[PDB]
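Trainee: Pasting run-v9.pdb below, which is PDB, C-alpha atoms (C1' of nucleotides).
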ATOM      1  CA  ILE A   1      66.543 -89.620 -18.416  1.00  0.00           C
ATOM      2  CA  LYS A   2      66.278 -91.301 -21.808  1.00  0.00           C
ATOM      3  CA  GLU A   3      65.623 -94.639 -20.069  1.00  0.00           C
ATOM      4  CA  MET A   4      62.507 -93.056 -18.513  1.00  0.00           C
ATOM      5  CA  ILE A   5      61.485 -91.138 -21.650  1.00  0.00           C
ATOM      6  CA  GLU A   6      61.420 -94.339 -23.727  1.00  0.00           C
ATOM      7  CA  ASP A   7      59.498 -96.071 -20.926  1.00  0.00           C
ATOM      8  CA  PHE A   8      56.891 -93.293 -20.943  1.00  0.00           C
ATOM      9  CA  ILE A   9      56.653 -93.453 -24.753  1.00  0.00           C
ATOM     10  CA  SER A  10      56.327 -97.242 -24.576  1.00  0.00           C
ATOM     11  CA  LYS A  11      53.136 -96.590 -22.578  1.00  0.00           C
ATOM     12  CA  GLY A  12      50.247 -94.388 -23.750  1.00  0.00           C
ATOM     13  CA  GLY A  13      52.200 -91.298 -22.816  1.00  0.00           C
ATOM     14  CA  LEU A  14      50.621 -87.921 -23.592  1.00  0.00           C
ATOM     15  CA  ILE A  15      51.823 -84.473 -22.504  1.00  0.00           C
ATOM     16  CA  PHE A  16      49.422 -81.532 -22.351  1.00  0.00           C
ATOM     17  CA  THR A  17      48.913 -78.077 -20.902  1.00  0.00           C
ATOM     18  CA  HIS A  18      45.122 -77.960 -21.417  1.00  0.00           C
ATOM     19  CA  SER A  19      42.805 -80.874 -20.635  1.00  0.00           C
ATOM     20  CA  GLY A  20      39.290 -81.722 -19.528  1.00  0.00           C
ATOM     21  CA  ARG A  21      40.100 -84.390 -16.950  1.00  0.00           C
ATOM     22  CA  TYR A  22      40.064 -81.670 -14.267  1.00  0.00           C
ATOM     23  CA  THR A  23      36.316 -81.176 -14.849  1.00  0.00           C
ATOM     24  CA  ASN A  24      35.056 -84.715 -15.502  1.00  0.00           C
ATOM     25  CA  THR A  25      37.089 -87.894 -15.096  1.00  0.00           C
ATOM     26  CA  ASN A  26      35.503 -89.671 -18.097  1.00  0.00           C
ATOM     27  CA  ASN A  27      36.655 -87.051 -20.627  1.00  0.00           C
ATOM     28  CA  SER A  28      40.044 -87.972 -22.207  1.00  0.00           C
ATOM     29  CA  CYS A  29      40.551 -84.746 -24.158  1.00  0.00           C
ATOM     30  CA  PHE A  30      44.111 -83.402 -24.275  1.00  0.00           C
ATOM     31  CA  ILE A  31      45.418 -80.186 -25.846  1.00  0.00           C
ATOM     32  CA  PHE A  32      49.039 -79.019 -26.039  1.00  0.00           C
ATOM     33  CA  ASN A  33      49.613 -75.321 -26.725  1.00  0.00           C
ATOM     34  CA  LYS A  34      52.614 -74.036 -28.670  1.00  0.00           C
ATOM     35  CA  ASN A  35      52.290 -70.302 -27.976  1.00  0.00           C
ATOM     36  CA  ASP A  36      52.082 -70.560 -24.170  1.00  0.00           C
ATOM     37  CA  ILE A  37      55.252 -72.471 -23.213  1.00  0.00           C
ATOM     38  CA  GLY A  38      57.776 -70.184 -21.530  1.00  0.00           C
ATOM     39  CA  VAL A  39      60.561 -70.101 -18.957  1.00  0.00           C
ATOM     40  CA  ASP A  40      58.362 -71.253 -16.042  1.00  0.00           C
ATOM     41  CA  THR A  41      55.336 -72.903 -17.692  1.00  0.00           C
ATOM     42  CA  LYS A  42      54.535 -76.254 -16.073  1.00  0.00           C
ATOM     43  CA  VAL A  43      52.818 -79.004 -18.064  1.00  0.00           C
ATOM     44  CA  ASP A  44      51.033 -82.216 -17.116  1.00  0.00           C
ATOM     45  CA  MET A  45      51.181 -85.769 -18.414  1.00  0.00           C
ATOM     46  CA  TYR A  46      48.807 -88.725 -18.680  1.00  0.00           C
ATOM     47  CA  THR A  47      49.313 -92.466 -19.030  1.00  0.00           C
ATOM     48  CA  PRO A  48      46.813 -95.262 -18.290  1.00  0.00           C
ATOM     49  CA  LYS A  49      46.612 -96.148 -14.560  1.00  0.00           C
ATOM     50  CA  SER A  50      49.335 -93.504 -13.805  1.00  0.00           C
ATOM     51  CA  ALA A  51      52.072 -96.096 -14.350  1.00  0.00           C
ATOM     52  CA  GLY A  52      55.584 -94.733 -13.884  1.00  0.00           C
ATOM     53  CA  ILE A  53      59.209 -95.604 -13.115  1.00  0.00           C
ATOM     54  CA  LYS A  54      61.546 -94.327 -10.401  1.00  0.00           C
ATOM     55  CA  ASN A  55      65.105 -93.019 -10.849  1.00  0.00           C
ATOM     56  CA  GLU A  56      66.701 -94.583  -7.711  1.00  0.00           C
ATOM     57  CA  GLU A  57      65.542 -91.575  -5.654  1.00  0.00           C
ATOM     58  CA  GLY A  58      61.737 -91.808  -5.529  1.00  0.00           C
ATOM     59  CA  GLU A  59      61.089 -89.456  -8.451  1.00  0.00           C
ATOM     60  CA  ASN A  60      59.033 -90.258 -11.541  1.00  0.00           C
ATOM     61  CA  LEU A  61      59.187 -88.404 -14.870  1.00  0.00           C
ATOM     62  CA  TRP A  62      56.807 -85.680 -13.654  1.00  0.00           C
ATOM     63  CA  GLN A  63      58.936 -84.810 -10.619  1.00  0.00           C
ATOM     64  CA  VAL A  64      62.045 -84.579 -12.810  1.00  0.00           C
ATOM     65  CA  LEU A  65      60.446 -82.622 -15.670  1.00  0.00           C
ATOM     66  CA  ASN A  66      59.122 -79.740 -13.529  1.00  0.00           C
ATOM     67  CA  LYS A  67      62.164 -79.176 -11.293  1.00  0.00           C
ATOM     68  CA  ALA A  68      64.724 -76.489 -12.266  1.00  0.00           C
ATOM     69  CA  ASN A  69      62.848 -75.685 -15.528  1.00  0.00           C
ATOM     70  CA  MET A  70      64.026 -78.873 -17.241  1.00  0.00           C
ATOM     71  CA  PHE A  71      61.104 -78.996 -19.698  1.00  0.00           C
ATOM     72  CA  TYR A  72      62.132 -75.752 -21.396  1.00  0.00           C
ATOM     73  CA  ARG A  73      65.765 -76.899 -21.315  1.00  0.00           C
ATOM     74  CA  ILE A  74      64.919 -79.973 -23.389  1.00  0.00           C
ATOM     75  CA  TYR A  75      62.283 -77.990 -25.304  1.00  0.00           C
ATOM     76  CA  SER A  76      64.557 -75.152 -26.449  1.00  0.00           C
ATOM     77  CA  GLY A  77      67.077 -77.702 -27.726  1.00  0.00           C
ATOM     78  CA  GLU A  78      70.108 -76.886 -25.579  1.00  0.00           C
ATOM     79  CA  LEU A  79      70.421 -80.547 -24.518  1.00  0.00           C
ATOM     80  CA  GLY A  80      70.770 -81.686 -28.140  1.00  0.00           C
ATOM     81  CA  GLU A  81      68.431 -83.240 -30.676  1.00  0.00           C
ATOM     82  CA  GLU A  82      68.719 -86.678 -29.039  1.00  0.00           C
ATOM     83  CA  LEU A  83      66.050 -85.847 -26.441  1.00  0.00           C
ATOM     84  CA  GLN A  84      64.375 -82.842 -28.099  1.00  0.00           C
ATOM     85  CA  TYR A  85      62.937 -84.995 -30.902  1.00  0.00           C
ATOM     86  CA  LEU A  86      61.611 -87.496 -28.343  1.00  0.00           C
ATOM     87  CA  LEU A  87      60.051 -84.627 -26.382  1.00  0.00           C
ATOM     88  CA  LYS A  88      58.454 -83.159 -29.521  1.00  0.00           C
ATOM     89  CA  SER A  89      57.059 -86.568 -30.511  1.00  0.00           C
TER      90      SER A  89
ATOM     91  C1'  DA B   1     -12.862 -15.847  29.287  1.00  0.00           C
ATOM     92  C1'  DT B   2      -8.268 -14.782  31.662  1.00  0.00           C
ATOM     93  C1'  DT B   3      -2.870 -16.404  34.769  1.00  0.00           C
ATOM     94  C1'  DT B   4       3.418 -10.684  33.308  1.00  0.00           C
ATOM     95  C1'  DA B   5       7.919  -9.117  32.075  1.00  0.00           C
ATOM     96  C1'  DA B   6      13.292  -8.710  33.017  1.00  0.00           C
ATOM     97  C1'  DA B   7      18.640  -9.927  35.666  1.00  0.00           C
ATOM     98  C1'  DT B   8      22.016 -15.018  36.940  1.00  0.00           C
ATOM     99  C1'  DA B   9      23.729 -21.310  39.141  1.00  0.00           C
ATOM    100  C1'  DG B  10      31.353 -20.214  41.908  1.00  0.00           C
ATOM    101  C1'  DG B  11      36.221 -20.651  42.067  1.00  0.00           C
ATOM    102  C1'  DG B  12      40.322 -25.305  44.292  1.00  0.00           C
ATOM    103  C1'  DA B  13      42.918 -30.280  45.846  1.00  0.00           C
ATOM    104  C1'  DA B  14      42.838 -35.360  45.765  1.00  0.00           C
ATOM    105  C1'  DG B  15      40.721 -40.242  43.573  1.00  0.00           C
ATOM    106  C1'  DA B  16      45.843 -46.129  47.874  1.00  0.00           C
ATOM    107  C1'  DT B  17      49.259 -50.129  47.412  1.00  0.00           C
ATOM    108  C1'  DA B  18      50.367 -56.194  48.266  1.00  0.00           C
ATOM    109  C1'  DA B  19      49.331 -61.207  47.313  1.00  0.00           C
ATOM    110  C1'  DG B  20      47.858 -64.950  44.255  1.00  0.00           C
ATOM    111  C1'  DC B  21      43.793 -67.041  38.634  1.00  0.00           C
ATOM    112  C1'  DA B  22      44.327 -75.670  40.276  1.00  0.00           C
ATOM    113  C1'  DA B  23      44.909 -80.450  38.429  1.00  0.00           C
ATOM    114  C1'  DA B  24      43.842 -85.024  35.872  1.00  0.00           C
ATOM    115  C1'  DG B  25      40.662 -88.050  30.927  1.00  0.00           C
ATOM    116  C1'  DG B  26      38.841 -88.496  26.030  1.00  0.00           C
ATOM    117  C1'  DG B  27      37.963 -86.328  20.801  1.00  0.00           C
ATOM    118  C1'  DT B  28      33.832 -92.806  16.009  1.00  0.00           C
ATOM    119  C1'  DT B  29      33.090 -95.871  12.309  1.00  0.00           C
ATOM    120  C1'  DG B  30      30.966 -97.268   7.364  1.00  0.00           C
ATOM    121  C1'  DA B  31      29.669 -96.269   1.831  1.00  0.00           C
ATOM    122  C1'  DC B  32      31.146 -92.430  -2.687  1.00  0.00           C
ATOM    123  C1'  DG B  33      37.598 -96.640  -9.295  1.00  0.00           C
ATOM    124  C1'  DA B  34      38.480 -95.871 -14.930  1.00  0.00           C
ATOM    125  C1'  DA B  35      41.193 -98.548 -18.357  1.00  0.00           C
ATOM    126  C1'  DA B  36      42.117-103.127 -20.032  1.00  0.00           C
ATOM    127  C1'  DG B  37      41.568-108.036 -20.605  1.00  0.00           C
ATOM    128  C1'  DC B  38      38.536-111.966 -20.893  1.00  0.00           C
ATOM    129  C1'  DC B  39      34.686-114.968 -22.451  1.00  0.00           C
ATOM    130  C1'  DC B  40      29.632-115.445 -23.548  1.00  0.00           C
ATOM    131  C1'  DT B  41      25.715-113.962 -26.109  1.00  0.00           C
ATOM    132  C1'  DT B  42      22.541-112.092 -29.609  1.00  0.00           C
ATOM    133  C1'  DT B  43      21.738-110.506 -33.802  1.00  0.00           C
ATOM    134  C1'  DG B  44      23.451-108.098 -39.158  1.00  0.00           C
ATOM    135  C1'  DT B  45      24.890-110.887 -43.353  1.00  0.00           C
ATOM    136  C1'  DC B  46      25.711-114.317 -46.831  1.00  0.00           C
ATOM    137  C1'  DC B  47      24.966-118.986 -47.821  1.00  0.00           C
ATOM    138  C1'  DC B  48      22.637-123.430 -50.049  1.00  0.00           C
ATOM    139  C1'  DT B  49      19.466-127.268 -51.558  1.00  0.00           C
TER     140       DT B  49
END
What does the file become when written as structure tokens?

Mentor:
Amino acid sequence: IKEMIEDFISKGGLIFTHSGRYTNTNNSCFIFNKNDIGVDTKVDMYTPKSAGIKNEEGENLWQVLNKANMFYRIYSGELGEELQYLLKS
DNA sequence: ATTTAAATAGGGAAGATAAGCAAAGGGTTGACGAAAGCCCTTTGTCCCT
């Protein structure tokens, strides 16, 4: 999923768990919390115009990153530092 | 204006079953998009001659 991670970081590409776009659309205020991520915490992601890339199944990065608790699995660092550094950046 | 007070209201048995509750048709349309790129303009800012 590195070929989709670098594509999302080549775009605007922000990841948050607290935003203000759910109240007013013209906000663009994004907050990521460090003390709230757990074993089932789901996060959201923003890029301009919601541009994405499939994975030869019909899934973007958001559909991959929330299924089977993958975000904690890259976040805790059990998949190596090759993708954990890209996730932390 | 006056006009009475006491005693008591029954026990029993039943309250029917059979049949069926239609069929087609339809259920509106129009407004309520941010981020980025591109040219054009109108006015701060320094200039000379």

Trainee: Report as an mmCIF file with C-alpha atoms (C1' of nucleotides), in the coordinates of the input the residues that result from applying the PyMOL selection byres ((chain B) within 12 of (chain A)) to the structure here.

Mentor:
data_model
loop_
_atom_site.group_PDB
_atom_site.id
_atom_site.type_symbol
_atom_site.label_atom_id
_atom_site.label_comp_id
_atom_site.auth_asym_id
_atom_site.auth_seq_id
_atom_site.Cartn_x
_atom_site.Cartn_y
_atom_site.Cartn_z
ATOM 1 C "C1'" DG B 33 37.598 -96.640 -9.295
ATOM 2 C "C1'" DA B 34 38.480 -95.871 -14.930
ATOM 3 C "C1'" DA B 35 41.193 -98.548 -18.357
ATOM 4 C "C1'" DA B 36 42.117 -103.127 -20.032
#

Trainee: In Å, with one decimal, what is the gap from CA of residue 19 (chain A) to CA of residue 31 (chain A)?

Mentor: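 Pair CA of residue 19 (chain A) / CA of residue 31 (chain A) returns 5.9 Å.
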
Trainee: Here's the selection I'm unsure about, the PyMOL selection byres ((chain A and resi 54) around 12); applied to the file above, which residues does it give, as a PyMOL selection string?

Mentor: chain A and resi 1+3-5+7-8+51-53+55-64

Trainee: Given the selection you just returned, output its residues as a file containing C-alpha atoms, formatted as an mmCIF file, keeping the file's coordinate frame.

Mentor:
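Writing the result to part.cif gives the following:
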data_model
loop_
_atom_site.group_PDB
_atom_site.id
_atom_site.type_symbol
_atom_site.label_atom_id
_atom_site.label_comp_id
_atom_site.auth_asym_id
_atom_site.auth_seq_id
_atom_site.Cartn_x
_atom_site.Cartn_y
_atom_site.Cartn_z
ATOM 1 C CA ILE A 1 66.543 -89.620 -18.416
ATOM 2 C CA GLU A 3 65.623 -94.639 -20.069
ATOM 3 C CA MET A 4 62.507 -93.056 -18.513
ATOM 4 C CA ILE A 5 61.485 -91.138 -21.650
ATOM 5 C CA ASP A 7 59.498 -96.071 -20.926
ATOM 6 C CA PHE A 8 56.891 -93.293 -20.943
ATOM 7 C CA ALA A 51 52.072 -96.096 -14.350
ATOM 8 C CA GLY A 52 55.584 -94.733 -13.884
ATOM 9 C CA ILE A 53 59.209 -95.604 -13.115
ATOM 10 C CA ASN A 55 65.105 -93.019 -10.849
ATOM 11 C CA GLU A 56 66.701 -94.583 -7.711
ATOM 12 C CA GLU A 57 65.542 -91.575 -5.654
ATOM 13 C CA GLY A 58 61.737 -91.808 -5.529
ATOM 14 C CA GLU A 59 61.089 -89.456 -8.451
ATOM 15 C CA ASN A 60 59.033 -90.258 -11.541
ATOM 16 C CA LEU A 61 59.187 -88.404 -14.870
ATOM 17 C CA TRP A 62 56.807 -85.680 -13.654
ATOM 18 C CA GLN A 63 58.936 -84.810 -10.619
ATOM 19 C CA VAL A 64 62.045 -84.579 -12.810
#

Trainee: Between CA of residue 22 (chain A) and CA of residue 40 (chain A), what distance in Å does the model show, to one decimal?

Mentor: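 Taking CA of residue 22 (chain A) as the start and CA of residue 40 (chain A) as the end point, the length is 21.1 Å.
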
Trainee: Please indicate the distance in Å from CA of residue 29 (chain A) to CA of residue 83 (chain A), rounded to one decimal place.

Mentor: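 It comes out at 25.6 Å.
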
Trainee: Hey, what's within 10 Å of residue 76 (chain A) if we count all atoms listed in the file and toss same-chain stuff fewer than 5 positions away? As a PDB file with C-alpha atoms, in the coordinates of the input, please?

Mentor:
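Final output, saved to out-v8.pdb:
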ATOM      1  CA  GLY A  38      57.776 -70.184 -21.530  1.00  0.00           C
ATOM      2  CA  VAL A  39      60.561 -70.101 -18.957  1.00  0.00           C
ATOM      3  CA  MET A  70      64.026 -78.873 -17.241  1.00  0.00           C
ATOM      4  CA  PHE A  71      61.104 -78.996 -19.698  1.00  0.00           C
ATOM      5  CA  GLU A  81      68.431 -83.240 -30.676  1.00  0.00           C
ATOM      6  CA  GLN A  84      64.375 -82.842 -28.099  1.00  0.00           C
TER       7      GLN A  84
END

Trainee: Applied to the shown file, which residues does the PyMOL selection byres ((chain A and resi 44) around 8) return, written as a compact mmCIF listing (two decimals) with C-alpha atoms, in the frame of the given file?

Mentor:
# COMPACT_ATOMS: atom_id res chain seq x y z
CA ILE A 15 51.82 -84.47 -22.50
CA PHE A 16 49.42 -81.53 -22.35
CA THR A 17 48.91 -78.08 -20.90
CA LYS A 42 54.54 -76.25 -16.07
CA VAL A 43 52.82 -79.00 -18.06
CA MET A 45 51.18 -85.77 -18.41
CA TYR A 46 48.81 -88.72 -18.68
CA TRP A 62 56.81 -85.68 -13.65

Trainee: Some atoms are absent from region 12-36 of chain A, so rebuild N, CA and C atoms and return them as a PDB file, in the coordinates of the input.

Mentor:
ATOM      1  N   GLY A  12      51.068 -95.359 -23.045  1.00  0.00           N
ATOM      2  CA  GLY A  12      50.247 -94.388 -23.750  1.00  0.00           C
ATOM      3  C   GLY A  12      50.955 -93.059 -23.926  1.00  0.00           C
ATOM      4  N   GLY A  13      51.227 -92.374 -22.819  1.00  0.00           N
ATOM      5  CA  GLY A  13      52.200 -91.298 -22.816  1.00  0.00           C
ATOM      6  C   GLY A  13      51.852 -90.019 -23.552  1.00  0.00           C
ATOM      7  N   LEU A  14      50.955 -89.208 -23.000  1.00  0.00           N
ATOM      8  CA  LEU A  14      50.621 -87.921 -23.592  1.00  0.00           C
ATOM      9  C   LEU A  14      51.017 -86.789 -22.654  1.00  0.00           C
ATOM     10  N   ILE A  15      51.401 -85.658 -23.243  1.00  0.00           N
ATOM     11  CA  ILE A  15      51.823 -84.473 -22.504  1.00  0.00           C
ATOM     12  C   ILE A  15      50.979 -83.299 -22.973  1.00  0.00           C
ATOM     13  N   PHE A  16      50.353 -82.601 -22.028  1.00  0.00           N
ATOM     14  CA  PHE A  16      49.422 -81.532 -22.351  1.00  0.00           C
ATOM     15  C   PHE A  16      49.619 -80.365 -21.398  1.00  0.00           C
ATOM     16  N   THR A  17      49.055 -79.224 -21.784  1.00  0.00           N
ATOM     17  CA  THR A  17      48.913 -78.077 -20.902  1.00  0.00           C
ATOM     18  C   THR A  17      47.470 -77.609 -20.803  1.00  0.00           C
ATOM     19  N   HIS A  18      46.543 -78.291 -21.469  1.00  0.00           N
ATOM     20  CA  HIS A  18      45.122 -77.960 -21.417  1.00  0.00           C
ATOM     21  C   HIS A  18      44.342 -79.251 -21.589  1.00  0.00           C
ATOM     22  N   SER A  19      43.549 -79.624 -20.586  1.00  0.00           N
ATOM     23  CA  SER A  19      42.805 -80.874 -20.635  1.00  0.00           C
ATOM     24  C   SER A  19      41.410 -80.667 -20.066  1.00  0.00           C
ATOM     25  N   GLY A  20      40.632 -81.746 -20.067  1.00  0.00           N
ATOM     26  CA  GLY A  20      39.290 -81.722 -19.528  1.00  0.00           C
ATOM     27  C   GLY A  20      39.083 -82.760 -18.447  1.00  0.00           C
ATOM     28  N   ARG A  21      40.165 -83.432 -18.046  1.00  0.00           N
ATOM     29  CA  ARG A  21      40.100 -84.390 -16.950  1.00  0.00           C
ATOM     30  C   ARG A  21      39.986 -83.718 -15.589  1.00  0.00           C
ATOM     31  N   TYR A  22      40.226 -82.413 -15.507  1.00  0.00           N
ATOM     32  CA  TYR A  22      40.064 -81.670 -14.267  1.00  0.00           C
ATOM     33  C   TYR A  22      38.622 -81.259 -14.016  1.00  0.00           C
ATOM     34  N   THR A  23      37.742 -81.430 -15.001  1.00  0.00           N
ATOM     35  CA  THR A  23      36.316 -81.176 -14.849  1.00  0.00           C
ATOM     36  C   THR A  23      35.524 -82.465 -14.674  1.00  0.00           C
ATOM     37  N   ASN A  24      35.669 -83.400 -15.608  1.00  0.00           N
ATOM     38  CA  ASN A  24      35.056 -84.715 -15.502  1.00  0.00           C
ATOM     39  C   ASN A  24      36.116 -85.767 -15.781  1.00  0.00           C
ATOM     40  N   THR A  25      36.075 -86.851 -15.008  1.00  0.00           N
ATOM     41  CA  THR A  25      37.089 -87.894 -15.096  1.00  0.00           C
ATOM     42  C   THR A  25      36.970 -88.696 -16.391  1.00  0.00           C
ATOM     43  N   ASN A  26      35.759 -88.832 -16.934  1.00  0.00           N
ATOM     44  CA  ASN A  26      35.503 -89.671 -18.097  1.00  0.00           C
ATOM     45  C   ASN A  26      35.676 -88.927 -19.418  1.00  0.00           C
ATOM     46  N   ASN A  27      36.580 -87.951 -19.481  1.00  0.00           N
ATOM     47  CA  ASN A  27      36.655 -87.051 -20.627  1.00  0.00           C
ATOM     48  C   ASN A  27      37.639 -87.535 -21.689  1.00  0.00           C
ATOM     49  N   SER A  28      38.922 -87.627 -21.326  1.00  0.00           N
ATOM     50  CA  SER A  28      40.044 -87.972 -22.207  1.00  0.00           C
ATOM     51  C   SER A  28      40.107 -87.048 -23.430  1.00  0.00           C
ATOM     52  N   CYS A  29      40.326 -85.766 -23.139  1.00  0.00           N
ATOM     53  CA  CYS A  29      40.551 -84.746 -24.158  1.00  0.00           C
ATOM     54  C   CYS A  29      41.776 -83.938 -23.760  1.00  0.00           C
ATOM     55  N   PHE A  30      42.799 -83.942 -24.615  1.00  0.00           N
ATOM     56  CA  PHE A  30      44.111 -83.402 -24.275  1.00  0.00           C
ATOM     57  C   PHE A  30      44.562 -82.427 -25.352  1.00  0.00           C
ATOM     58  N   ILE A  31      45.014 -81.248 -24.933  1.00  0.00           N
ATOM     59  CA  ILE A  31      45.418 -80.186 -25.846  1.00  0.00           C
ATOM     60  C   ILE A  31      46.777 -79.675 -25.387  1.00  0.00           C
ATOM     61  N   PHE A  32      47.734 -79.608 -26.311  1.00  0.00           N
ATOM     62  CA  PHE A  32      49.039 -79.019 -26.039  1.00  0.00           C
ATOM     63  C   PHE A  32      49.165 -77.716 -26.819  1.00  0.00           C
ATOM     64  N   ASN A  33      49.504 -76.639 -26.117  1.00  0.00           N
ATOM     65  CA  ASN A  33      49.613 -75.321 -26.725  1.00  0.00           C
ATOM     66  C   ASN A  33      51.065 -75.009 -27.061  1.00  0.00           C
ATOM     67  N   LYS A  34      51.274 -74.391 -28.221  1.00  0.00           N
ATOM     68  CA  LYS A  34      52.614 -74.036 -28.670  1.00  0.00           C
ATOM     69  C   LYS A  34      52.995 -72.610 -28.299  1.00  0.00           C
ATOM     70  N   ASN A  35      52.017 -71.713 -28.198  1.00  0.00           N
ATOM     71  CA  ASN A  35      52.290 -70.302 -27.976  1.00  0.00           C
ATOM     72  C   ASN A  35      52.326 -69.917 -26.503  1.00  0.00           C
ATOM     73  N   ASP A  36      52.150 -70.868 -25.589  1.00  0.00           N
ATOM     74  CA  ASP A  36      52.082 -70.560 -24.170  1.00  0.00           C
ATOM     75  C   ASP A  36      53.258 -71.089 -23.364  1.00  0.00           C
TER      76      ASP A  36
END
